[PDB]
Amino acid sequence: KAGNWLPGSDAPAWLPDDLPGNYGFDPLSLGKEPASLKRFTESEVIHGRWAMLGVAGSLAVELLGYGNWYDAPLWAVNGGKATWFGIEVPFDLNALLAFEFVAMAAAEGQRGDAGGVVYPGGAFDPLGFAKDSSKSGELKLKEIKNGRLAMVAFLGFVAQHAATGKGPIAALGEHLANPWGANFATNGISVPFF
Amino acid sequence: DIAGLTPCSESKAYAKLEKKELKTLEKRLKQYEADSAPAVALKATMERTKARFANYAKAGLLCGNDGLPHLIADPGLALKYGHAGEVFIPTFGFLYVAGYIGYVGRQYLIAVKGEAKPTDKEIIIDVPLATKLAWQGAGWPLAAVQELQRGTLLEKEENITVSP
Amino acid sequence: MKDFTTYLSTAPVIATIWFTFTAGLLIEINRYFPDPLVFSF
Amino acid sequence: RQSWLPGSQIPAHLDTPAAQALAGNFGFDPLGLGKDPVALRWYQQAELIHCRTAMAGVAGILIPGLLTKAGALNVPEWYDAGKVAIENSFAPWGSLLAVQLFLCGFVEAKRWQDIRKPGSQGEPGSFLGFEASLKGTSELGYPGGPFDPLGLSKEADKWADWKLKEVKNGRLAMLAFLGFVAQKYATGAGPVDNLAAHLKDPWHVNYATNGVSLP
Amino acid sequence: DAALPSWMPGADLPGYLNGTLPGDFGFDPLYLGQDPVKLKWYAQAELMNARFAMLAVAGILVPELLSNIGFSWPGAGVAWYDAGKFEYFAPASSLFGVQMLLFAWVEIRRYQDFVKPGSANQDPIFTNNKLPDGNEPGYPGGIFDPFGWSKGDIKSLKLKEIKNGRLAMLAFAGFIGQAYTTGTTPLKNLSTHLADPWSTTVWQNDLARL
Ligand code: CLA
Ligand SMILES: CC(/C=C/C=C(C)/C=C/[C@@]12O[C@]1(C)C[C@@H](O)CC2(C)C)=C\C=C\C=C(C)\C=C\C=C(C)\C=C\[C@@]12O[C@]1(C)C[C@@H](O)CC2(C)C
Ligand SMILES: CC(/C=C/C=C(C)/C=C/[C@@]12O[C@]1(C)C[C@@H](O)CC2(C)C)=C\C=C\C=C(C)\C=C\C=C(C)\C=C\[C@@]12O[C@]1(C)C[C@@H](O)CC2(C)C
């Protein structure tokens with residue numbers, strides 16, 4: 055358990071307290087069947103892990119000054135000569151798209167339709183932290199919590215770019231340059247009236 | 063201009079025949095005083111006539127070699143070229159009323175067989191019953207297709223035969 | 001006069017009342033709508 | 056109980072316990088269209104969805120219409136708002152309606168099969184884990200689950216209220232749209248414009264002063 | 081339906097307005113609150129519309145009372161309908177964004193108290209601070225009562241709160257129409273009704289405008 059997400063609320067009986075990242079947050083009763091919940095615990099982590107990799111790649115471009123996350127696929131249209139760390143890579147769009155279709159489905163088919171496991175014991179733990187003895191559910195909780203923050207923050211990137219058209223650090227510097235005039239209400243999009 | 067035709071607002075034998083009819087009415091009108099009701103009637107005939115030609119050209123009716131309004135009874139050539147009011151609108155304006163009379167007459171016969179002697183109530187129409195089925199049959203396609211789904215519309219092979 | 005209303009509810013009398021209804025309805029419509037060859041608006 | 060005409064005999068196919076257990080049952084069926092029970096059950100599903108689309112529709116007509124006559128919007132009249140917002144757009148209307156009927160048709164054909172057999176889409180393996188929440192409730196037309204984010208369904212009392220409040224705001228909105236079409240043909244102005252015209256002169260500006268209540 | 085005080089003395093009663101609710105006199109001629117699931121909602125709905133009105137009428141009159149006396153404010157003498165266009169350190173959109181998040185805390189904190197009383201009195205981060213148990217929705221107490229009131233004679237204080245509240249809701253509904261017809265400050269409408277009380281009722285100002 056370790057949390058209630060709305061204090062005073064009852065907990066849903068179909069969410070076991072053993073599970074990492076549990077708060078009893080399912081107001082839709084969206085995981086009442088156990089097979090649906092078992093698929094969802096697989097899919098929350100993988101959405102969480104890819105977003106933690108996604109939100110880090112969106113920040114470290116602006117932390118290193120390579121435009122932003124929205125403009126990194128602006129070489130396939132309106133030019134070419136894609137960069138990475140400043141280094142050129144001489145691939146057009148239609149080759150690497152075929153490379154990332156074969157090789158990624160080759161890693162998906164080893165992952166997805168070869169079981170249902172989401173914490174694989176073995177080669178995906180190089181140093182060795184969670185040996186499933188005692189420190190497993192603690193670090194699994196942190197992988198969820200940092201992961202849930204990342205999925206919010208990536209959704210906080212797309213809606214921020216749909217509204218203002220600026221990147222993460224490019225408008226975080228603006229909210230710090232104007233605390234009361236560079237928020238989600240001064241644009242006539244998120245609040246339509248005032 | 064769909065099938066060798068022309069709009070009646072654009073053809074000239076149509077307008078020639080309009081001027082042919084109004085010529086015949088006016089040379090018939092000349093025999094009467096301008097106050098007389100045999101002339102009031104003929105000038106009212108003309109204003110029903112001239113509005114009739116105005117309304118046929120307004121709807122975009124198709125004339126041909128003879129200058130008469132030709133009808134196009136095909137959907138896809140009436141829906142495409144704006145002529146569904148010729149045939150394609152009254153082919154459902156009819157079939158509403160047609161199956162209406164069929165359904166009211168059906169429901170009157172179905173609801174008379176469970177009686178003492180139903181042949182008497184085909185002479186003497188039960189007017190409080192028949193008008194009741196007449197008003198409430200106004201959603202007859204909504205009632206028929208529900209009866210079509212059951213199997214209660216079609217009576218089975220209880221029907222009478224000779225030598226199959 | 002209940003027997004008289006049975007006579008008014010026979011087959012030819014309702015036929016000659018309803019046909020004066022249905023013709024008389026179409027006559028009044030074809031008076032106030034002169035010559036409907038095609039469905040206008 | 057509370058009939059549409061207080062003196063009428065309510066027809067007997069609205070007084071059965073599978074019909075008096077229904078929202079908006081005011082004894083109104085002067086054509087007898089729902090005498091068949093599954094035809095009542097099918098027309099009950101037609102009324103819920105003609106009214107919810109109308110409540111969403113009428114709130115897409117007067118709420119951007121009242122908030123335009125009061126300033127702070129520039130949404131035009133609803134009978135001309137289809138003409139605009141296609142140039143502030145990207146597809147032709149043919150290229151937009153076909154994707155619409157794909158998106159709407161996948162929904163409607165799932166609601167079709169759930170009417171035919173309740174709990175159709177709750178069978179396992181339909182969706183990708185999402186098919187569990189699609190059994191509806193014990194009565195159809197009210198799915199709940201992911202269609203109830205705020206969780207108003209789980210009461211079992213105050214529940215017939217929310218039913219009958221939905222239907223009455225729903226039936227009023229269906230007459231509102233049948234209004235909106237008719238008060239656009241007859242006068243060509245806006246519906247709030249017709250409300251402004253009736254308020255500034257009630258006793259001369261109405262449907263008795265146009266050519267559609269003609270003697 | 082007893083010897084309770086009544087809005088019309090001698091009139092018949094609905095029967096469900098016995099007296100447990102703060103300041104009732106049986107006034108419900110439209111029979112709106114027969115269902116107790118609606119009456120429990122309407123009681124809390126009365127208190128919130130009342131308390132925000134007592135904030136409103138004291139928030140309109142007192143900045144006008146101490147301005148027609150004449151003090152020095154950055155906003156002084158500006159009308160309550162003319163306070164929206166008045167500028168501040170920020171535009172009013174961003175101000176409304178702060179309201180719709182701070183109240184989205186407090187109202188949902190208050191609504192969670194309404195659906196289960198006795199289950200909202202705990203802070204998130206300070207898990208020692210709490211309001212004392214036994215309270216009812218609409219009267220939280222604890223830090224909400226810092227002066228140490230409501231330790232006796234709570235019914236008359238609730239009756240004072242609903243009577244000083246119902247007068248304010250009439251006063252703010254006064255403020256809407258009486259500043260919409262004549263278009264003045266509703267403290268200065270008192271000036272004309274005290275200049276010549278007999279030559280300006282609501283009727284003569286209606287009839288001059290009509
Ligand atoms: C809260 C009580 C209250 C008070 C003290 C006033 C006072 C006033 N209003 Mg007013 N008003 C009120 C409520 C109130 N109004 C409400 C609720 C509305 C909305 C319907 C209006 C709408 C309104 C308009 C449209 C106009 C006034 C006008 C006036 C002024 C002239 C007096 C008059 O014609 O009476 C008006 C009386 C009424 C409208 C009847 C309201 C009766 C209230 C609700 C109940 C009585 C309260 C209480 C028992 C008696 C007062 C004593 C109390 C304060 C101690 C005067 C300063 C006129 C003005 O500005 O001219 C100078 C004017 O044109 N008022
Ligand atoms: C937000 C999200 C999911 C949100 C779902 C929520 C909150 C659901 C909550 C609920 O269900 C529960 C819990 C319980 C139910 O009862 C109730 C609701 C309320 C329904 C997923 C995002 C998931 C987001 C993900 C996975 C994002 C991945 C992004 C990646 C990989 C980005 C890559 C790039 O950015 C780089 C790296 C570099 C750039 O230049 C190029 C690109 C390619 C753009
Ligand atoms: C669905 C509906 C309307 C939906 C409208 C929508 C979505 C509008 C959308 C738009 O506007 C917006 C949002 C924005 C615009 O820019 C674009 C469009 C697209 C234009 C109305 C239903 C309207 C439904 C109506 C009017 C139905 C009326 C039926 C009645 C009165 C029948 C009664 C009877 O059938 C019974 C009940 C019993 C029988 O026994 C007796 C009789 C009397 C026969």
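As they're listed, the protein sequences go chains a, F, J, 8 and 4. First residue of the first sequence: 55, per the entry's author numbering; consecutive thereafter. First residue of the second sequence: 63, per the entry's author numbering; consecutive thereafter. First residue of the third sequence: 1, per the entry's author numbering; consecutive thereafter. First residue of the fourth sequence: 56, per the entry's author numbering; consecutive thereafter. First residue of the fifth sequence: 81, per the entry's author numbering; consecutive thereafter. For each residue, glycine too, the CB sits at the ideal point set by N, CA and C.
Option nearest residue i by Cα separation, candidates the options
i                : options                                                                : result
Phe185 (chain 8) : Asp72 (chain a), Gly62 (chain a), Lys92 (chain a)                      : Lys92 (chain a)
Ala253 (chain 4) : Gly103 (chain 4), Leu119 (chain 4), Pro89 (chain 4), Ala130 (chain 4)  : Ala130 (chain 4)
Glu221 (chain 8) : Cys106 (chain 8), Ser58 (chain 8), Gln57 (chain 8)                     : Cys106 (chain 8)
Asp136 (chain F) : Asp128 (chain F), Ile151 (chain F), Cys125 (chain F), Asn127 (chain F) : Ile151 (chain F)
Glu192 (chain a) : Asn58 (chain a), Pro74 (chain a), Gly57 (chain a), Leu60 (chain a)     : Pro74 (chain a)
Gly140 (chain a) : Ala67 (chain a), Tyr124 (chain a), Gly119 (chain a)                    : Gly119 (chain a)
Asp212 (chain 8) : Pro85 (chain 4), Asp115 (chain 4), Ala82 (chain 4), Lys235 (chain 4)   : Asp115 (chain 4)
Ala11 (chain J)  : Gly122 (chain F), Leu139 (chain F), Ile187 (chain F)                   : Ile187 (chain F)
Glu144 (chain 4) : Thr264 (chain 4), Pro226 (chain 4), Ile242 (chain 4), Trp87 (chain 4)  : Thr264 (chain 4)
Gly82 (chain 8)  : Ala73 (chain 8), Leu60 (chain 8), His253 (chain 8)                     : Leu60 (chain 8)
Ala94 (chain 8)  : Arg212 (chain F), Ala113 (chain F), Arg90 (chain F), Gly138 (chain F)  : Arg212 (chain F)
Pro66 (chain a)  : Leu60 (chain a), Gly57 (chain a), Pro81 (chain a)                      : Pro81 (chain a)
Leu250 (chain 4) : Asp225 (chain 4), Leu237 (chain 4), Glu126 (chain 4)                   : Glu126 (chain 4)
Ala65 (chain F)  : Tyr94 (chain F), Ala101 (chain F), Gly126 (chain F), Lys120 (chain F)  : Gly126 (chain F)
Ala156 (chain 4) : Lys165 (chain 4), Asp104 (chain 4), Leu146 (chain 4)                   : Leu146 (chain 4)
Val195 (chain 4) : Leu247 (chain 4), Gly150 (chain 4), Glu216 (chain 4)                   : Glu216 (chain 4)
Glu194 (chain 8) : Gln64 (chain 8), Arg56 (chain 8), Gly62 (chain 8), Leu77 (chain 8)     : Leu77 (chain 8)
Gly62 (chain a)  : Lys231 (chain 4), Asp203 (chain 4), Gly257 (chain 4)                   : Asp203 (chain 4)
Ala213 (chain a) : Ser187 (chain a), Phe248 (chain a), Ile243 (chain a), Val131 (chain a) : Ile243 (chain a)
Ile256 (chain 4) : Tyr122 (chain 4), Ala159 (chain 4), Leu84 (chain 4), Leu239 (chain 4)  : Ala159 (chain 4)
Cβ neighbours of residue i in the same chain (closer than 6 Å, five flanking residues each side left out)
i                : result
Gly222 (chain 4) : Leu211, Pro212
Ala259 (chain 4) : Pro266
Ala136 (chain 4) : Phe252
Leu215 (chain F) : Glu209
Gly199 (chain 8) : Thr192, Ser208
One or two residues paired with residue i in a DSSP bridge
i                     : result
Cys125 (chain F)      : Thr68 (chain F)
residue 321 (chain 8) : As shown, chain 8 starts at 56 and ends at 270. That puts residue 321 (chain 8) outside it, with no answer to give.
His132 (chain F)      : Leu124 (chain F)
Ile141 (chain a)      : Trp138 (chain a)
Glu216 (chain 4)      : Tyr219 (chain 4)
Neighbourhood of residue i by C-beta distance below 7 Å, restricted to the same chain and skipping five residues each side
i                : result
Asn241 (chain a) : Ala217, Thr218
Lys55 (chain a)  : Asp71, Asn76
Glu83 (chain F)  : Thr111
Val171 (chain a) : none
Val247 (chain 8) : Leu117, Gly120, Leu121, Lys124
Close beta carbons around residue i, own chain, < 8 Å, minus the five adjacent residues each side
i                : result
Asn129 (chain 8) : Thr123
Ligand 4 heavy atom lying under 6 Å from the CB of residue i
i                : result
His273 (chain 4) : What this structure holds is ligand 1, ligand 2 and ligand 3, not ligand 4.
- Does the region 188-207 of chain F come within contact of the region 160-173 of chain F, defined as at least 3 CB pairs closer than 8 Å? Touching, per the Cβ criterion.
- Inter-stretch contact (C-beta, 8 Å, three-pair minimum) for the region 187-197 of chain 8 and the region 164-173 of chain 8: Yes, the region 187-197 of chain 8 touches the region 164-173 of chain 8.
- Query: Is the region 101-111 of chain F touching the region 65-77 of chain F, taking contact as three or more C-beta pairs under 8 Å?
  - Reply: No, because fewer than three Cβ pairs between the region 101-111 of chain F and the region 65-77 of chain F fall closer than 8 Å, the two stretches do not touch.
- Query: For the region 151-162 of chain F against the region 107-116 of chain F, are there 3 or more C-beta pairs whose distance is under 8 Å?
  - Reply: In short, these stretches do not touch, since the Cβ pair count stays below three.
- Task: Would you check if the region 98-108 of chain a and the region 192-209 of chain 8 touch, i.e. whether three or more CB-CB distances between them fall below 8 Å?
- Result: Because the criterion of three Cβ pairs below 8 Å is not met, the region 192-209 of chain 8 and the region 98-108 of chain a do not touch.
- Spell out a yes or no on whether the region 170-188 of chain 4 and the region 218-235 of chain a are touching, meaning 3 or more CB-CB pairs, one atom from each, closer than 8 Å. As far as the Cβ criterion goes, the region 170-188 of chain 4 touches the region 218-235 of chain a, which means the pair count is three or higher.
- Query: Just checking, does the region 195-208 of chain 4 make contact with the region 91-98 of chain 4 on the three C-beta pairs under 8 Å criterion?
  - Reply: No contact exists between the region 195-208 of chain 4 and the region 91-98 of chain 4.
- Query: Which residue spans inside the region 165-239 of chain a form an unbroken alpha helix (DSSP H) run of at least 4?
  - Reply: Counting only runs of 4 or more, we get 190-217, 222-231.
- Item | Three CB pairs or more closer than 8 Å across the region 85-93 of chain 8 and the region 109-126 of chain 8 | No, the region 85-93 of chain 8 does not touch the region 109-126 of chain 8.
- Query: Are the region 73-81 of chain F and the region 112-130 of chain F in contact at 8 Å, needing three or more beta carbon pairs?
  - Reply: Touching, per the Cβ criterion.
- In chain order, each alpha helix (DSSP H) run of at least 4 residues that lies wholly inside the region 206-262 of chain 8: Annotation note: the region 206-262 of chain 8 contains the following uninterrupted alpha helix (DSSP H) runs of length 4 or greater, listed N- to C-terminal: 214-240, 246-255.
- Enumerate, from N- to C-terminal direction, the unbroken alpha helix (DSSP H) stretches of 4 or more residues contained entirely within the region 95-140 of chain 4. Runs of the alpha helix (DSSP H) inside the region 95-140 of chain 4: none found.
- Message: Check whether the region 28-37 of chain J and the region 62-70 of chain 8 touch, using three or more Cβ-Cβ pairs below 8 Å as the test.
- Response: With a cut-off of 8 Å, the region 62-70 of chain 8 and the region 28-37 of chain J do not count as touching, because too few Cβ pairs lie within range.
- Message: Could you check whether the region 218-238 of chain 8 touches the region 96-110 of chain 8, counting it as contact only if at least three pairs of C-beta atoms, one from each stretch, sit closer than 8 Å?
- Response: Flag = yes, the region 218-238 of chain 8 and the region 96-110 of chain 8 touch.
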